[PDB]
Amino acid sequence: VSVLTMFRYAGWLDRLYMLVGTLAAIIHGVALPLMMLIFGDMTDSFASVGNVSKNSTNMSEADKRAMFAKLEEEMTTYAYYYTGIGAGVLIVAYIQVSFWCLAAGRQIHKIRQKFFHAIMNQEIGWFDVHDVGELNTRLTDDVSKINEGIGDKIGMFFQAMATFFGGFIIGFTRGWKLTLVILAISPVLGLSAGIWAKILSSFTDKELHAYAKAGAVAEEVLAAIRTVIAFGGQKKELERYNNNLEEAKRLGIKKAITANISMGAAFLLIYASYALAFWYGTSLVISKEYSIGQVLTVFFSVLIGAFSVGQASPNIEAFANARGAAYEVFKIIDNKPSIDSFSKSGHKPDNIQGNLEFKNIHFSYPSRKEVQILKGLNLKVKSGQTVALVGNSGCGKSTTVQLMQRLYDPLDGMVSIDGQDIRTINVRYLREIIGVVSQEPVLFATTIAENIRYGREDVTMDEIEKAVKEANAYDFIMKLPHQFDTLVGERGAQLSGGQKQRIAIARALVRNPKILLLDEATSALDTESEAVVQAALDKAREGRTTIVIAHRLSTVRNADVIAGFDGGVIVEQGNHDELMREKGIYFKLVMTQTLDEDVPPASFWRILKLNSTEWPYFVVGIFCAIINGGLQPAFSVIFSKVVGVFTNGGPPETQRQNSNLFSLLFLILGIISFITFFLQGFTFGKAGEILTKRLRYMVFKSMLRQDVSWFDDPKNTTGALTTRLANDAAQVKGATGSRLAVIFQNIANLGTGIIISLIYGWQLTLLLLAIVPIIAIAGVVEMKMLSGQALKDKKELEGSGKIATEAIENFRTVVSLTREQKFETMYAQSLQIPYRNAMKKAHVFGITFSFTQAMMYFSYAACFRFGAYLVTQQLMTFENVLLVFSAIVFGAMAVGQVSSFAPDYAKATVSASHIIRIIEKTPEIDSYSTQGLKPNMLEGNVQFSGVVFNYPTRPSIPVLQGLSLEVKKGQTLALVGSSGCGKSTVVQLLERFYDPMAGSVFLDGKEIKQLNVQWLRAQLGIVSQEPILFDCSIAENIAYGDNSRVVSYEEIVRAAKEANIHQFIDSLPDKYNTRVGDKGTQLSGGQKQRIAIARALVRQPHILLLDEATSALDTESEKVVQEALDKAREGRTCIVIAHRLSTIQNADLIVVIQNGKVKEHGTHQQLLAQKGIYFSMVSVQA
């Protein structure tokens, strides 16, 4: 029902070809086991031939007769085999792909045209509800899924089952025993894969839990970067960040350890079962003689038949996820629930006029529970007149204008256009008789001529001319270049808003409506253009019956009748003078109103260079990958020898050889493969593991040892920094992971395959590699064209989608309604191009897959053809033919693994490129010397002379210009300024966060410019507005080690004693040992600040700095901190920039700073004697 038929709906001839393609899909899937049925038949005769060939040791020429005859007979069969299947698989392939396009093409185009139509046909509803953009976003993403759902995936789906159901048919008929054995190994292989999901999901969350700590430390620190710098607590965060990484790495290796155990064991159970299938498969031959090895190989193919089921599930998942998502929204997608608007029939008034009538209308907006904005209404406006409505709290008048256009059916009552109800008449016609001017105009992106043409489809520029000329819009447009053909670029913001609205009036003027609706058209506009547009409105009035709502009473003066609402409740009606006479609601208002990243530059091999530099030793891991590499072909070699000697060899000795090779297939793989895979995994695993440490180490420290506009004023963000730490280290981990993987398969194929390739007849080698690279490139060139079409497809619908998205985001198109079909008209022409392109890719995708399978039969052809014929012609052998199959599985593991790790090499390379350029850094200030920290430098007399400053934004109009100050030791230097900066900046420059553009600053008289960065920050009293508390023990919070300073219990006691935070310290559990409770969630600012104060006097700075410390606070908290602050200072130099001028009254030197320029400076009463900026500051303080 709703699930399937509509998903597939219509398509009369489409449905017919849909089955033809389906039909063609079956015989395609059927062909593959039939192709493998052939493999047994050729095996059978060749085996019978081999049995007599080893059986000779007497006659020779006899072996030259019959054995070659059968082979020649087989050569006769060979030709009809690849061809019979090849011509078959070629044709039906091109057919099954036409399903992917031709069926999908007409369906989607049918879906698109109705969907795009039904949306505009829902009318009011989208404004009533949902997302109106996020909605039309996902929905168009959903229709994209349909192409994946109704495409050849289904054709592929039937193909798989044909190999599945059709595959097992042949198996069971030719025996029921091997099936069961194969049926027995299915859950076991599913069991091992079950270990995987448990391991992956569990180990991911652990690592996530581990790096979360590393992430959390990086989280607050990078936010607290300004805090840590001043106090120089970097090296502690340094050590911790290494500690969390140490744990995150150990969970990493165990994941790798266990993973390799699973992946290793997973393949064991495959090869063991694979061996077990043969051992019981062989036993039915030697002592039994039922199978000649036909089905034995064929039952293996049933596993290949079983893998198609594994290939089937995604296609089902592709269909189902397409089905479910589409049909549920399909109910919304299609039809026209409508039934308040529609498009059609109804009554056409020819009366060419109508007195507007509103009668007892009770209405509510579709917000449901929201109260009725309008409860009852009575308004009747005579023809030719102009009625004015007004209000206060908002809307309720706007409702009356909205209902008149029948945009909302009233709950009770009726609105009568002319004498008749509005609900009888055709809506399309109604909209045309109603012009509407909204307060905020909108212009579609087109010429001004076209935006008017959107008002009425059939029109000529003469009417366009007369329209604007009467609307006085004909001035700015002429001066404007391109004239009427002038486009409106980048949506609607180009020109003056007043001109925009004026055009909208001209648009409504072409409409020549018999009703005119003005909603606050004059509102939200400059005073000058208002009078201009008003005149246009005035010239748009007097000729047409109208109703106007705005908040400008100047325009209401000339109205014939005014009606009060104030919330939508009707009260007064009549002429202006009559209203003012009442001195009512009207009169009352009148007098009252009188995050992305990744710059382009790449690595270019510097990766492995820096990697090996950071990778101290690992030659055992890769060498282990090599011995495992050459291990793979041995399997392909052993099995080749098994059936090889089984095919060519006599009845004697058959048991031992098969027995000997069977065990060999086990121990060479099962014993060794598990070892080497786990052996390498422990190596390259820990390799990537420790790389994750050193990198993130050498990054975060390279990040912390540099600030300088990467931190102070970056265009970046906290998330952007953390993101860098995550992806980069994770990617390069895969980069190295891709290295060993390739080298592993490299020797596995190139190295060993060649050795095997070398023992061929040298033509067989060439002929084989005349296939594999060609089919590889053929598979590659397909991938390019595939994405090439996919991208080109996305671009075409993009332009169509944008102009589509343009329409739905603009809901005002429905008030004119002229463009309803007109918009869908352009979309049709817009959608017409991908349609032909869909037809175009039908042929393109059709030929690609066809050619892909065309190389398949050609491969098996040349394999057995040349394996027969000339080789059959002279010295036909059991070898070199199965070695071809060996070279194939090497060609299969090459493309599969290499192309898989190809994009892994990509994102890593890019991510590595970022992390490399970042780690180069620009260390700037770390240690050096620059000064000797003289014993006479304690003092604290701070000099400022001719200091100018700007934070690193060049044309930012620097806040400091021509600034000079001075402060004596042991006294408070007060500071006060307007807002923002120059307050804060002064304190910042003393931290030497940024060296000023010009001038100099001195502390003992020594040059800060030439002073050591560290020691300058060794004595500082910095206290911010809202102090950031690191999550840790408050005791460890109270004491932040400046350099060597150990946590001192007796000291932090004095800290608490002075900071008056000892109150909380006295009581409460754990006392000093109390954690902040998840980012200090249990404490308020006053408490936090006391601790910050305690942090300051621990260091015992000779210089204290208070940046708006008491700015956020209240009541006793303000006084108790001030008590601490006052007691914190007066022993040493301090600078307070605080905005509290009531508590500044005790200060030694108060300084008035005007935007970089100190205006007045001196003691309070002295400045108080003066007048200027400062006295005003106190005057405004009240």
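Numbering, chain A: per Swiss-Prot, residues 33-626, 684-1271 in sequence.
Every residue gets a Cβ built from N, Cα and C, even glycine.
Looking up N83, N700 in Swiss-Prot for N-linked glycosylation site, the annotated residue turns out to be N83.
Of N87, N805, the one with N-linked glycosylation site in Swiss-Prot is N87, while the others lack that note in the record, though it may still apply to them. Look at the topological domains in Swiss-Prot: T211 and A957 end up on the same side of the membrane.
Here the Cα atom of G426 (ATP 1 binding site) is found 106 Å from that of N87 (N-linked glycosylation site).
Two residues, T626 and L684, bracket 57 residues absent from the model, and the distance between their Cα atoms is 49 angstrom. In the structure as shown, the Cβ atom of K429 (ATP 1 binding site) sits within 10 Å of 28 other Cβ atoms. DSSP labels the residues of the topological domain 'Extracellular' (67-112) in these numbers: 39 helix, 0 strand, 7 coil. Counting residues 6+ beyond its ends, the topological domain 'Extracellular' (729-752) has Cβ neighbours under 8 Å at 75, 78-79, 81-87, 307, 310-311, 314, 317-318, 325, 328-329, 966-968, 971-972, 974-975 in the same chain. Only sequence-distant pairs (6 or more apart) were considered; of these, fewer than three Cβ pairs between the transmembrane segment (851-870) and the transmembrane segment (708-728) are under 8 A, so the stretches are not in contact. Non-local neighbours of the transmembrane segment (829-849) in the same chain are 710-711, 714-715, 717-722, 726, 769, 773, 857-858, 968-969, 972, 975-976, 979-980, 982-983, 986-987, 990; each lies 6+ residues outside the stretch with a CB under 8 Å from one of its CB atoms. In this structure the C-alpha atoms belonging to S425 (ATP 1 binding site) and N87 (N-linked glycosylation site) are separated by 109 Å. Other than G423, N424, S425, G426, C427, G428, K429, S430, the residues of this chain whose Cβ falls within 8 Å of the Cβ centroid of the ATP 1 site are, in sequence order, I405, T431, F597, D598, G599, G600. According to its DSSP assignment, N424 (ATP 1 binding site) is coil. Cα distances from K1072 (ATP 2 binding site) to the binding-site residues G423, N424, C427, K429 are smallest for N424. Rounded to the nearest whole angstrom, the C-alpha distance between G1066 (ATP 2 binding site) and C427 (ATP 1 binding site) is 44.
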